[PDB]
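Written below as structure tokens is the structure these notes are about.
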Amino acid sequence: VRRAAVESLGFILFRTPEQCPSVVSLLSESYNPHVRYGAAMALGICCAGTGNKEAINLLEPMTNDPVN
Amino acid sequence: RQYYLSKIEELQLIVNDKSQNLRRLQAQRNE
Amino acid sequence: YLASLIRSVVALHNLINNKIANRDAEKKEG
Amino acid sequence: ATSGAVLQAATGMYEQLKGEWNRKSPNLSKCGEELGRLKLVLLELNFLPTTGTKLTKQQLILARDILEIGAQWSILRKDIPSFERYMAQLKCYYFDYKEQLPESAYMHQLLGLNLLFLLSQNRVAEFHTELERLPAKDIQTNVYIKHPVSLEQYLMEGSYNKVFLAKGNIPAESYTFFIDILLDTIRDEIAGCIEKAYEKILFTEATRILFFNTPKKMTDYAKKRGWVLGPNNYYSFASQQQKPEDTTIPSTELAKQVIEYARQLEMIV
Amino acid sequence: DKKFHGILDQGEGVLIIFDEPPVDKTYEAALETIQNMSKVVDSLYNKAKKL
Amino acid sequence: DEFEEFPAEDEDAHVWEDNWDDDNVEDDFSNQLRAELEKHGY
Amino acid sequence: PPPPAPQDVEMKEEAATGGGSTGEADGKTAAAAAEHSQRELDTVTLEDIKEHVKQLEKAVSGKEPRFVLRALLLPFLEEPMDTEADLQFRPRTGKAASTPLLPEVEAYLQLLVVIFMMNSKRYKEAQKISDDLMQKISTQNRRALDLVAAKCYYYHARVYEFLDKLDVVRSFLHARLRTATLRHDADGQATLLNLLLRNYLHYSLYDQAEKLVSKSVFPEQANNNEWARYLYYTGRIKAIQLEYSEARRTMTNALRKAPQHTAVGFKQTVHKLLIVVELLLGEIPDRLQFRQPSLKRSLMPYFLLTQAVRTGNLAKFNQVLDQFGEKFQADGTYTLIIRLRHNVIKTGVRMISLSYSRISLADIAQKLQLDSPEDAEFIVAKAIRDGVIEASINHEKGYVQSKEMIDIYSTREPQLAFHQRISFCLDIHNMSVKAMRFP
Amino acid sequence: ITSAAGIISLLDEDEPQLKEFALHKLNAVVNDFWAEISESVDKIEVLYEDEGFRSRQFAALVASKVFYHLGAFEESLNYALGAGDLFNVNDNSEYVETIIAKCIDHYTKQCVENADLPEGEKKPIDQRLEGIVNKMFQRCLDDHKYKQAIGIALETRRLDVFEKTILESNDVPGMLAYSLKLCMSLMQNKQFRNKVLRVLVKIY
Amino acid sequence: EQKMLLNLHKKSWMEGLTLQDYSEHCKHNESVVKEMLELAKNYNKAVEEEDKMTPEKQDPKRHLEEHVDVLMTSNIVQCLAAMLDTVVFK
Amino acid sequence: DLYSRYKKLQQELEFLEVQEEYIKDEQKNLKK
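Below you can see the structure in the form of structure tokens.
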């Protein structure tokens, strides 16, 4: 439920993608790995296919995370 | 014009202070 | 009292070090 | 402009006021009606300078004297609010235009009456603040200011014994009436803080300490104060001091304080 | 000489025996702690000159 | 921030801490004790 | 080499300061927590004692001609604010006019240069009033204005002490005070209240500091430097207002806010009134407040006065009271005549109250040279009314008795004292946590 | 200096012309002596309640300046609100700017609260506040740059003046598109989104 | 099953209003304040080596933190329980 | 145009309020 709740941010913040990094930048690195996956998916959905740059800046370390 | 700029000034002060507070809160949460 | 006073002291010690560190970063950036 | 004739007419009615106040039994209602006409004529004159042209000082000076009359008129009615309201406007004339206007011979007597009136209503802090306005030379020199400050100094140095019987030095009858107020005011405050000071006081000794040349007035005083005269004819005041609130553990206040501590600890901000 | 716990009063011509509470080391530890916190406060005063 | 708006404006500079009671003047305590002791007749 | 000294360092470090401030003004537009105070200490240490007169070797006379145009000594001054230079650098627009203002007075040569200050101040006035109406955008020019305006119009208040009185300083600044208030405090509110109180006190006028009392509150962000000034001023208000206790409290709070040893004049002024307000409560001041070096030969008379006051001998006090009156007036506290010559007894009955648990109404009079016990009863009663003494009086047997020495630790009192410190420590922690991070 | 405010007694005295002259005197010294003259409290504040007093709007203006100086801005608006004509119609100084900055803010708060439940459930609004707000509209509709009032009108839920704003010259249809941009992108309240869309199609 | 199992560790109301033991609480405060003193002794050294040779979580800082936390919470809860018992129980 | 900036500032204030409320909740949960 945590994972899906965080993922749900993209469907409600895509109207203004630039806020999504500003909020997810802390759910993006949390002890809970499900929150981490949800944060990744929400960031990807919220920015849609627009190159927000900062979203990729957040995903760059995240694609090297220990959890598969 | 008075309303617009006086408002944006006061809300700018508020959002700046709130951004500093959010910065410190984010730091504490990060630790 | 003793516990609260020590808490205030350690809080100030973190505050001063944080100010010193961020000011060092700002001075180095220029 | 007609302002010259306005000033001439105003000076005429002000001279009529001077003559009527010269009477040793003046009818204050006629003088009050003339003050009402001064109310109208002063509209063409001004309280604040407000003038784009440097006015001849006469326009100011007569107004000065007029309010000074209103001062001495007020103390003739023995109406303290009138004195207050006239002095409140005459202060601006005295101080804002100080560099321009000369000294009126009435200003020392009036200022002393004002200060010792401030004593009469226990306006002690304001009284001291006004002493900074008036320079050291006049409090050193002139009796009209020195004597009221002398009585106030007597009060600080506790010389009430001198205060109650040194009345021969006071300059004028207005002082006599103001201090016929201060004697009972001093008695009332002494009685009020005796609750702090004493636990028991003999009636006949109290009559000495308050310098009552009329013992009856103390019973009327005591009935005013509600003092429980003891069976041996003693006023007692320790009944209000008691042994207060020590046995009753305040409790709930401590609980609120500890709740506040726990809050300010566990809350996030 | 503290060899005996008691206190005299000549005005009543009496001596009194009391219970000698056990000093309560908590407060001495408190005093040493607050004095050492004063020392570390002086240490931070040595710092913060670097601002 | 500094206060230039005010009158900034070995006479006796002994290092040791002192109090008001040290500037007081009186005869020697030897003299005081002597006088007290004679006058009450011992 | 000494005349070229500003060229080696000052000309380039001031340029770096201006560039850094403008960059903070342009990027990271919150240019209020930056080097402004840390850098502007250089002003008093170096700059106002350097820019004062039209020095040659490009030190002063060469500033404006080299700085004539910035499109990417009054006639030389007209051009830096003119010549189609870019005007978005509001700190630059302020500084280009305000640079001589404080040093020009700091020259103090007073000859035809008072006119220079008198007109260069109205140049800044025109700039500021033009800036105010357009509702300047967000670049902290209110901060840059308020302090330099305070200092320059303080200097113009000095000039209006030389000539027609300084009322205009108040009337304008008060109007700006609300102007500062309705937007936000750029630390300008504190200095504006400070100057408003100063203008009142230079006239020894006081009471219309109805502003100072809670009709309008003092801001909490006064940099510990406006704090000291405002606290000294309010202490002086409350002192003559016959409430000496809280005045002494707040001004003892004030005194520790001064620097280590650079505020010698302000320290002298604060001690000068602290010692007297302390003796007004009958408390002898601390000895350390007479051992600071530069403060000895300035606080020496009141030291002797204190040597006179720790006795019942008010005649000894009077014998030397007139010896130093003129230096009391030069130091602006001679009104001590009205507030010490009669309360000297208060300290004596204080010491007695300390020494004696019980005493006779006759005895209290004898050892402070009072005439009759009929006077001493009124004196001790008055001491009780003021609350300075916690004794009790019983004429029925000639008794003046200290109240019971109850053990306080078995009561609520230690908890109350510890609660005050708990609140203080938790407040310290809260304000500390409020201010860690800004990057 | 004129460091005393006892001239307030001239308003205590029952001569209404003397009261008005005194008020004109305070108005020159309000922002040097506000605290002292406010300490007179009822002695000046009851002059508005004095319906027998001739120029109640003058006392209202003085008291509103009093409260603006004191920081009780809501009380300043309320004490001004009974003035009329001498109300606000003249743009004079920063005090006028502040009182308008608070009064139409209060008006827009009231209009937002009313527009959510206006189906006969609306709350009464003082027509003097409406008057000053529409006077502000009339000023900004032609002052220098009238392409600002559209945002206020939609913020204050005043559809009539909002329709008027773009019905005026508006200098380009780009403004008729900017209104749509603001309605669709920044005003997210559907219940008024639909109304603004109806007005937009009516314009188109 | 949830909060059916939880009744096993569920604190009872008498356990909530239990006032611990005053002698034992005094012993606890006695030990913890002494440990606080011994921690602050080396905390002083740690702050006096602020010079930043070879820029390096053991010992003084966080240990002092946990000590103040536990001491303060224990004292606060004991005082609050004592007070509540004093005022509510008669 | 200034109106658009004012609305953007107001929405920024709202979003920061949301930010700090979420941060409070996360601080509490992370402490537990």
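Residue numbers (the authors' numbering), protein chains in the order written: chain A, 614 to 681; chain B, 21 to 51; chain C, 261 to 290; chain D, 82 to 350; chain E, 371 to 421; chain F, 17 to 25, 33 to 65; chain G, 27 to 98, 131 to 497; chain H, 2 to 205; chain I, 213 to 268, 277 to 310; chain J, 39 to 70.
Where a beta carbon is used, it is the ideal one built from N, C-alpha and C, also for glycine.
Considering only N282(G), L332(G), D144(G), the residue with the shortest C-alpha distance to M309(G) is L332(G). Under the criterion of beta carbons closer than 8 Å, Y69(H) and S77(H) qualify as touching, at roughly 4 Å. Classified as exposed, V173(H) has fewer than 16 neighbouring CB atoms from the shown chains inside 10 Å of its CB. Using a CB distance below 9 Å, the part of the stretch 467 to 488 of chain G facing chain D consists of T469, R470, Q473, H477, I480, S481, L484, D485, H487, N488, ordered along the chain. In this structure, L160(G) keeps its C-beta atom at 8 Å or more from the C-beta atom of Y211(G).
In the structure shown, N677(A) falls within a coil segment according to DSSP collapsed to helix, strand and coil. For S332(D) and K124(H), the gap between their C-alpha atoms comes out near 47 Å. Taking 8 Å as the cut-off, the Cβ atoms of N294(D) and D433(G) do not count as close.
When the alpha-carbon of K120(D) is set against those of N108(D), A144(D), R204(D), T137(D), the nearest one is in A144(D).
Straight-line spacing of the CA atoms in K253(I) and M407(E) works out to 9 Å.
Excluding residues up to 5 positions away in sequence, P17, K20, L48, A60 lie with their Cβ nearer than 8 Å to the Cβ of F54(H) in the same chain. Excluding sequence positions up to five before and after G376(E), its CB lies within less than 8 Å of the CB of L385, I386, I387, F388, all in the same chain and listed in chain order. Taking 8 Å as the threshold, the shortest C-beta distance from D33(F) to chain G does not fall below it.
At the C-beta level, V438(G) and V407(G) come within 8 Å of one another.
With a threshold of 8 Å between beta carbons, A56(G) makes contact with chain B. Three or more beta-carbon pairs separated by less than 8 Å link the stretch 444 to 461 of chain G to the stretch 273 to 289 of chain D, which places the two stretches in contact. If you ignore the 5 residues before and after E247(I), its C-beta comes within less than 7 Å of the C-beta of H287, all in its own chain and listed in chain order.
DSSP, read as helix, strand or coil, puts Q64(G) in helix.
Contact of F324(G) with chain F is assigned, a C-beta pair being separated by under 8 Å. Chain order gives the chain B residues near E98(H) as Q22, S26, where near means a beta carbon separation below 8 Å. Under the three-state reduction of DSSP, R158(H) is assigned to coil, being neither helix nor strand. Here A449(G) is bridged, per DSSP, to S460(G). Burial state of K138(D) is exposed, judged by a 10 Å Cβ sphere holding fewer than 16 other Cβ atoms. Residue pairing for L310(D): DSSP places it in a beta bridge opposite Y316(D).
Closer than 7 Å at the C-beta level to chain J, one finds these residues of the stretch 34 to 46 of chain B: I34, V35, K38, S39, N41, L42, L45, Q46. Contact note: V636(A) reaches chain J through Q57, using a C-beta cutoff of 7 Å and chain order. In this structure, the beta-carbon distance from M168(D) to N195(D) falls below 8 Å. Secondary structure of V38(F) (DSSP, three-state): coil.
Inclusion of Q266(G) and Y258(G) in the CB contact set at 8 Å is warranted, their separation being smaller than that value. In terms of beta-carbon proximity, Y41(J) lines the interface with chain H, with at least one pair separated by less than 8 Å. Between the stretch 299 to 319 of chain D and the stretch 239 to 259 of chain D, the count of Cβ pairs shorter than 8 Å is below three; the stretches do not touch. Here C660(A) has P630, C633, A668 as same chain residues with Cβ atoms under 7 Å from its own Cβ, once five neighbours each way along the sequence are excluded.
Chain D places a beta carbon closer than 8 Å to that of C299(I), counting this residue as a contact. Distance between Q321(D) and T288(D), taken at the CA atoms: about 23 Å.
Of the candidates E36(G), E301(G), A493(G), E462(G), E462(G) places its Cα closest to the Cα of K324(D). Closer than 8 Å to the CB of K281(I) there is at least one CB belonging to chain C.
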